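So this one's start.pdb, PDB, C-alpha atoms (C1' of nucleotides):
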ATOM      1  CA  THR A 236     -33.735 -11.211  52.804  1.00  0.00           C
ATOM      2  CA  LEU A 237     -31.181 -12.464  55.352  1.00  0.00           C
ATOM      3  CA  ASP A 238     -29.215  -9.179  55.538  1.00  0.00           C
ATOM      4  CA  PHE A 239     -31.077  -6.379  57.304  1.00  0.00           C
ATOM      5  CA  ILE A 240     -28.365  -3.742  56.797  1.00  0.00           C
ATOM      6  CA  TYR A 241     -28.762  -3.544  53.019  1.00  0.00           C
ATOM      7  CA  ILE A 242     -32.548  -3.413  53.388  1.00  0.00           C
ATOM      8  CA  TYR A 243     -32.312  -0.582  55.923  1.00  0.00           C
ATOM      9  CA  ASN A 244     -29.825   1.338  53.790  1.00  0.00           C
ATOM     10  CA  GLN A 245     -31.906   1.052  50.627  1.00  0.00           C
ATOM     11  CA  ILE A 246     -35.123   2.030  52.416  1.00  0.00           C
ATOM     12  CA  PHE A 247     -33.630   5.109  54.072  1.00  0.00           C
ATOM     13  CA  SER A 248     -31.736   6.187  50.948  1.00  0.00           C
ATOM     14  CA  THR A 249     -34.988   5.961  48.986  1.00  0.00           C
ATOM     15  CA  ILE A 250     -36.787   7.979  51.671  1.00  0.00           C
ATOM     16  CA  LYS A 251     -34.137  10.697  51.482  1.00  0.00           C
ATOM     17  CA  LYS A 252     -34.204  10.745  47.674  1.00  0.00           C
ATOM     18  CA  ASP A 253     -37.997  11.033  47.525  1.00  0.00           C
ATOM     19  CA  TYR A 254     -38.138  13.773  50.158  1.00  0.00           C
ATOM     20  CA  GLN A 255     -35.330  15.674  48.422  1.00  0.00           C
ATOM     21  CA  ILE A 256     -37.231  15.443  45.133  1.00  0.00           C
ATOM     22  CA  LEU A 257     -40.367  16.745  46.846  1.00  0.00           C
ATOM     23  CA  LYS A 258     -38.766  19.657  48.685  1.00  0.00           C
ATOM     24  CA  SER A 259     -35.466  20.843  47.198  1.00  0.00           C
ATOM     25  CA  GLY A 260     -34.812  18.715  44.114  1.00  0.00           C
ATOM     26  CA  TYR A 261     -32.048  16.219  43.434  1.00  0.00           C
ATOM     27  CA  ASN A 262     -28.640  17.335  42.129  1.00  0.00           C
ATOM     28  CA  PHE A 263     -25.911  14.913  43.222  1.00  0.00           C
ATOM     29  CA  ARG A 264     -24.272  12.759  40.576  1.00  0.00           C
ATOM     30  CA  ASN A 265     -25.232  13.786  37.045  1.00  0.00           C
ATOM     31  CA  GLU A 266     -28.998  13.902  37.484  1.00  0.00           C
ATOM     32  CA  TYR A 267     -31.343  16.859  37.963  1.00  0.00           C
ATOM     33  CA  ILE A 268     -34.968  16.494  39.052  1.00  0.00           C
ATOM     34  CA  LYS A 269     -36.700  19.816  39.631  1.00  0.00           C
ATOM     35  CA  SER A 270     -38.182  20.209  43.096  1.00  0.00           C
ATOM     36  CA  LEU A 271     -41.857  19.328  42.842  1.00  0.00           C
ATOM     37  CA  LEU A 272     -42.857  22.022  45.342  1.00  0.00           C
ATOM     38  CA  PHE A 273     -41.428  24.655  42.996  1.00  0.00           C
ATOM     39  CA  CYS A 274     -43.263  23.183  39.999  1.00  0.00           C
ATOM     40  CA  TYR A 275     -46.549  22.969  41.910  1.00  0.00           C
ATOM     41  CA  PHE A 276     -46.309  26.584  43.040  1.00  0.00           C
ATOM     42  CA  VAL A 277     -45.342  27.640  39.509  1.00  0.00           C
ATOM     43  CA  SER A 278     -48.303  25.938  37.833  1.00  0.00           C
ATOM     44  CA  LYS A 279     -50.995  26.981  40.341  1.00  0.00           C
ATOM     45  CA  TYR A 280     -52.870  30.238  41.108  1.00  0.00           C
ATOM     46  CA  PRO A 281     -50.797  33.435  40.606  1.00  0.00           C
ATOM     47  CA  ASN A 282     -47.337  32.062  40.657  1.00  0.00           C
ATOM     48  CA  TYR A 283     -45.089  31.909  43.708  1.00  0.00           C
ATOM     49  CA  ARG A 284     -41.428  31.214  42.999  1.00  0.00           C
ATOM     50  CA  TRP A 285     -38.465  30.110  45.079  1.00  0.00           C
ATOM     51  CA  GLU A 286     -37.206  32.259  47.904  1.00  0.00           C
ATOM     52  CA  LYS A 287     -33.850  30.611  47.178  1.00  0.00           C
ATOM     53  CA  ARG A 288     -33.873  32.250  43.748  1.00  0.00           C
ATOM     54  CA  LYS A 289     -34.318  35.634  45.433  1.00  0.00           C
ATOM     55  CA  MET A 290     -31.428  35.039  47.836  1.00  0.00           C
ATOM     56  CA  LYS A 291     -29.243  33.821  44.963  1.00  0.00           C
ATOM     57  CA  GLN A 292     -30.060  36.966  42.985  1.00  0.00           C
ATOM     58  CA  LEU A 293     -29.304  39.133  46.021  1.00  0.00           C
ATOM     59  CA  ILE A 294     -25.940  37.459  46.646  1.00  0.00           C
ATOM     60  CA  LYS A 295     -25.216  37.711  42.907  1.00  0.00           C
ATOM     61  CA  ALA A 296     -25.906  41.452  42.864  1.00  0.00           C
ATOM     62  CA  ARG A 297     -23.220  42.135  45.501  1.00  0.00           C
ATOM     63  CA  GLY A 298     -20.255  39.993  44.523  1.00  0.00           C
ATOM     64  CA  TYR A 299     -18.821  36.490  44.844  1.00  0.00           C
ATOM     65  CA  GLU A 300     -20.263  34.111  42.266  1.00  0.00           C
ATOM     66  CA  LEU A 301     -22.065  30.974  43.391  1.00  0.00           C
ATOM     67  CA  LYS A 302     -20.590  27.642  42.359  1.00  0.00           C
ATOM     68  CA  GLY A 303     -22.441  25.895  39.553  1.00  0.00           C
ATOM     69  CA  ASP A 304     -22.069  26.610  35.839  1.00  0.00           C
ATOM     70  CA  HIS A 305     -25.795  27.215  35.418  1.00  0.00           C
ATOM     71  CA  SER A 306     -28.520  29.687  36.395  1.00  0.00           C
ATOM     72  CA  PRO A 307     -31.533  29.724  38.724  1.00  0.00           C
ATOM     73  CA  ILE A 308     -34.631  27.995  37.384  1.00  0.00           C
ATOM     74  CA  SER A 309     -37.185  30.611  36.340  1.00  0.00           C
ATOM     75  CA  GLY A 310     -40.041  28.155  35.828  1.00  0.00           C
ATOM     76  CA  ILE A 311     -41.034  24.812  34.357  1.00  0.00           C
ATOM     77  CA  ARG A 312     -39.802  24.203  30.789  1.00  0.00           C
ATOM     78  CA  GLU A 313     -36.918  22.529  29.014  1.00  0.00           C
ATOM     79  CA  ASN A 314     -33.659  24.123  30.264  1.00  0.00           C
ATOM     80  CA  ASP A 315     -35.573  27.227  31.381  1.00  0.00           C
ATOM     81  CA  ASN A 316     -32.345  28.789  32.635  1.00  0.00           C
ATOM     82  CA  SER A 317     -32.120  32.501  33.395  1.00  0.00           C
ATOM     83  CA  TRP A 318     -30.612  35.017  35.802  1.00  0.00           C
ATOM     84  CA  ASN A 319     -33.040  37.944  35.417  1.00  0.00           C
ATOM     85  CA  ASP A 320     -36.734  38.870  35.368  1.00  0.00           C
ATOM     86  CA  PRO A 321     -38.980  40.077  32.522  1.00  0.00           C
ATOM     87  CA  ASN A 322     -39.532  43.753  31.814  1.00  0.00           C
ATOM     88  CA  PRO A 323     -42.778  43.964  33.907  1.00  0.00           C
ATOM     89  CA  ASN A 324     -42.832  43.795  37.705  1.00  0.00           C
ATOM     90  CA  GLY A 325     -40.737  41.066  39.281  1.00  0.00           C
ATOM     91  CA  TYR A 326     -42.024  37.655  40.245  1.00  0.00           C
ATOM     92  CA  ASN A 327     -44.135  37.066  43.349  1.00  0.00           C
ATOM     93  CA  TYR A 328     -41.514  35.477  45.575  1.00  0.00           C
ATOM     94  CA  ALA A 329     -42.384  33.641  48.778  1.00  0.00           C
ATOM     95  CA  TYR A 330     -40.935  31.236  51.335  1.00  0.00           C
ATOM     96  CA  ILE A 331     -42.041  28.188  49.371  1.00  0.00           C
ATOM     97  CA  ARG A 332     -40.038  25.618  51.336  1.00  0.00           C
ATOM     98  CA  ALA A 333     -41.177  26.744  54.801  1.00  0.00           C
ATOM     99  CA  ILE A 334     -44.407  24.731  54.620  1.00  0.00           C
ATOM    100  CA  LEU A 335     -42.457  21.458  54.653  1.00  0.00           C
ATOM    101  CA  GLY A 336     -40.278  22.594  57.567  1.00  0.00           C
ATOM    102  CA  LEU A 337     -38.340  25.577  58.884  1.00  0.00           C
ATOM    103  CA  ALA A 338     -34.648  25.259  58.075  1.00  0.00           C
ATOM    104  CA  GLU A 339     -33.086  28.161  60.070  1.00  0.00           C
ATOM    105  CA  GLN A 340     -30.002  28.158  57.813  1.00  0.00           C
ATOM    106  CA  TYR A 341     -29.269  27.993  54.078  1.00  0.00           C
ATOM    107  CA  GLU A 342     -25.757  27.130  52.918  1.00  0.00           C
ATOM    108  CA  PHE A 343     -24.390  28.480  49.634  1.00  0.00           C
ATOM    109  CA  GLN A 344     -21.040  27.481  48.141  1.00  0.00           C
ATOM    110  CA  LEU A 345     -19.647  30.294  46.004  1.00  0.00           C
ATOM    111  CA  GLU A 346     -17.064  30.006  43.224  1.00  0.00           C
ATOM    112  CA  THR A 347     -13.960  29.798  45.257  1.00  0.00           C
ATOM    113  CA  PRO A 348     -13.520  26.962  47.771  1.00  0.00           C
ATOM    114  CA  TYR A 349     -13.114  27.468  51.525  1.00  0.00           C
ATOM    115  CA  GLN A 350     -15.682  30.291  51.746  1.00  0.00           C
ATOM    116  CA  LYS A 351     -19.432  29.833  52.021  1.00  0.00           C
ATOM    117  CA  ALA A 352     -22.475  32.077  52.328  1.00  0.00           C
TER     118      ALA A 352
ATOM    119  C1'   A B   1     -59.892  38.204 198.137  1.00  0.00           C
ATOM    120  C1'   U B   2     -65.134  38.347 194.679  1.00  0.00           C
ATOM    121  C1'   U B   3     -69.455  30.630 193.692  1.00  0.00           C
ATOM    122  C1'   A B   4     -62.190  31.696 192.984  1.00  0.00           C
ATOM    123  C1'   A B   5     -57.198  29.823 190.489  1.00  0.00           C
ATOM    124  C1'   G B   6     -54.668  27.266 186.783  1.00  0.00           C
ATOM    125  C1'   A B   7     -55.125  25.267 180.839  1.00  0.00           C
ATOM    126  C1'   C B   8     -52.006  27.542 172.949  1.00  0.00           C
ATOM    127  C1'   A B   9     -58.054  23.292 169.517  1.00  0.00           C
ATOM    128  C1'   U B  10     -52.756  20.931 170.468  1.00  0.00           C
ATOM    129  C1'   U B  11     -49.373  15.990 168.799  1.00  0.00           C
ATOM    130  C1'   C B  12     -48.622  12.801 164.457  1.00  0.00           C
ATOM    131  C1'   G B  13     -49.487  13.600 158.560  1.00  0.00           C
ATOM    132  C1'   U B  14     -45.003  14.725 151.326  1.00  0.00           C
ATOM    133  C1'   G B  15     -51.305  16.610 147.250  1.00  0.00           C
ATOM    134  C1'   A B  16     -49.903  11.597 146.245  1.00  0.00           C
ATOM    135  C1'   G B  17     -50.395   7.094 143.472  1.00  0.00           C
ATOM    136  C1'   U B  18     -51.024   4.510 137.670  1.00  0.00           C
ATOM    137  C1'   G B  19     -50.613   8.037 132.585  1.00  0.00           C
ATOM    138  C1'   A B  20     -45.238   7.850 125.254  1.00  0.00           C
ATOM    139  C1'   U B  21     -48.996  14.410 122.627  1.00  0.00           C
ATOM    140  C1'   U B  22     -50.694  10.004 120.505  1.00  0.00           C
ATOM    141  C1'   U B  23     -54.048   7.228 116.356  1.00  0.00           C
ATOM    142  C1'   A B  24     -54.663   8.546 110.906  1.00  0.00           C
ATOM    143  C1'   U B  25     -52.594  11.266 106.006  1.00  0.00           C
ATOM    144  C1'   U B  26     -48.042   8.753  98.992  1.00  0.00           C
ATOM    145  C1'   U B  27     -44.472  15.752  98.067  1.00  0.00           C
ATOM    146  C1'   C B  28     -48.461  13.881  94.013  1.00  0.00           C
ATOM    147  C1'   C B  29     -50.877  15.369  89.234  1.00  0.00           C
ATOM    148  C1'   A B  30     -49.042  17.518  83.522  1.00  0.00           C
ATOM    149  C1'   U B  31     -45.731  17.512  79.687  1.00  0.00           C
ATOM    150  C1'   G B  32     -42.476  13.709  72.899  1.00  0.00           C
ATOM    151  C1'   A B  33     -34.854  15.716  74.248  1.00  0.00           C
ATOM    152  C1'   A B  34     -37.253  17.136  70.414  1.00  0.00           C
ATOM    153  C1'   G B  35     -37.492  20.663  65.012  1.00  0.00           C
ATOM    154  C1'   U B  36     -34.668  21.312  60.625  1.00  0.00           C
ATOM    155  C1'   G B  37     -30.500  20.538  55.794  1.00  0.00           C
ATOM    156  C1'   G B  38     -28.512  23.196  51.905  1.00  0.00           C
ATOM    157  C1'   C B  39     -25.453  24.563  48.081  1.00  0.00           C
ATOM    158  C1'   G B  40     -23.055  21.477  44.073  1.00  0.00           C
ATOM    159  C1'   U B  41     -29.754  23.884  39.366  1.00  0.00           C
TER     160        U B  41
END

Written form, structure tokens:
Amino acid sequence: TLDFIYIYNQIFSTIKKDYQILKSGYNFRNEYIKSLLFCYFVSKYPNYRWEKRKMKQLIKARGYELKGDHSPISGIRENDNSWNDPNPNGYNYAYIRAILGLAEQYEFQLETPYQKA
RNA sequence: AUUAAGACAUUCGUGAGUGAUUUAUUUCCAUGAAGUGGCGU
């Protein structure tokens, strides 16, 4: 109550955590909360999935492997981890995260250090 | 040799004295130095 710095820090850290959960999920320290925008677009009218998944697939199909010993999330389910699409036509991708703000640059860390997409 | 002759409308005289191109009039009104993170699933 008598120290404003801790109050400010906690408030702003909570704001960042909540907004990260809403928009792009939370993966820093061993915790993973799926981005709620992705889940909402998955569960609604004919499904729209991450544009980030499409860019990750495209950068996979050419070469250098992205860091992270996992796979893109293909939907909402327990450990619904996959790298590919079903036999019918591919998913209906879209710029899901543009509605909450244009980002103008996406950073991807591939398997070896010191180079980034 | 004739009711004739003689005679500068001339002298003097500064177009001058006093007089702010001045009184009044907003280079103003409008507008976010601001938008955005991402991978490490």

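With all atoms listed in the file taken into account, chain A has residues 302, 303, 305, 306, 307, 308, 336, 337, 338, 341, 342, 343 and 344 of chain A at most 7 Å from chain B.
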
### Task
Name the residues that the PyMOL selection byres ((chain A and resi 310-324) around 10) pulls out of this structure, and write them as a list in words.
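Residues picked by the PyMOL selection byres ((chain A and resi 310-324) around 10): residues 269, 273, 274, 275, 276, 277, 278, 282, 284, 285, 288, 291, 292, 295, 305, 306, 307, 308, 309, 325, 326 and 327 of chain A; 41 of chain B.
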
### Test item: the PyMOL selection byres ((chain A and resi 254) around 12) resolved as a list in words
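After applying the PyMOL selection byres ((chain A and resi 254) around 12), what remains is residues 247, 248, 249, 250, 251, 252, 253, 255, 256, 257, 258, 259, 260, 261, 268, 270, 271, 272, 335 and 336 of chain A; 37 of chain B.
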
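For the atom pair formed by CA of residue 328 (chain A) and CA of residue 293 (chain A), the distance is 12.8 Å, given to one decimal.
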
### Task
Can you work out the spacing between CA of residue 346 (chain A) and CA of residue 296 (chain A) in Å, to one decimal?
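These atoms are spaced 14.5 Å apart.
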
Give me the residues within 10 Å of residue 347 (chain A) as a PDB file with C-alpha atoms, keeping the file's coordinate frame, counting all atoms listed in the file and dropping any in the same chain fewer than 5 places off.
ATOM      1  CA  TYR A 299     -18.821  36.490  44.844  1.00  0.00           C
ATOM      2  CA  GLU A 300     -20.263  34.111  42.266  1.00  0.00           C
ATOM      3  CA  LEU A 301     -22.065  30.974  43.391  1.00  0.00           C
ATOM      4  CA  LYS A 302     -20.590  27.642  42.359  1.00  0.00           C
TER       5      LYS A 302
END

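CA of residue 245 (chain A) is found 26.1 Å from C1' of residue 34 (chain B).
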
Edge lengths and centre, in Å to one decimal, as AutoDock Vina command-line options: that's what I need for the box along x, y and z that holds all listed atoms of region 262-266 of chain A plus 6 Å on each side.
--center_x -26.6 --center_y 15.0 --center_z 40.1 --size_x 16.7 --size_y 16.6 --size_z 18.2
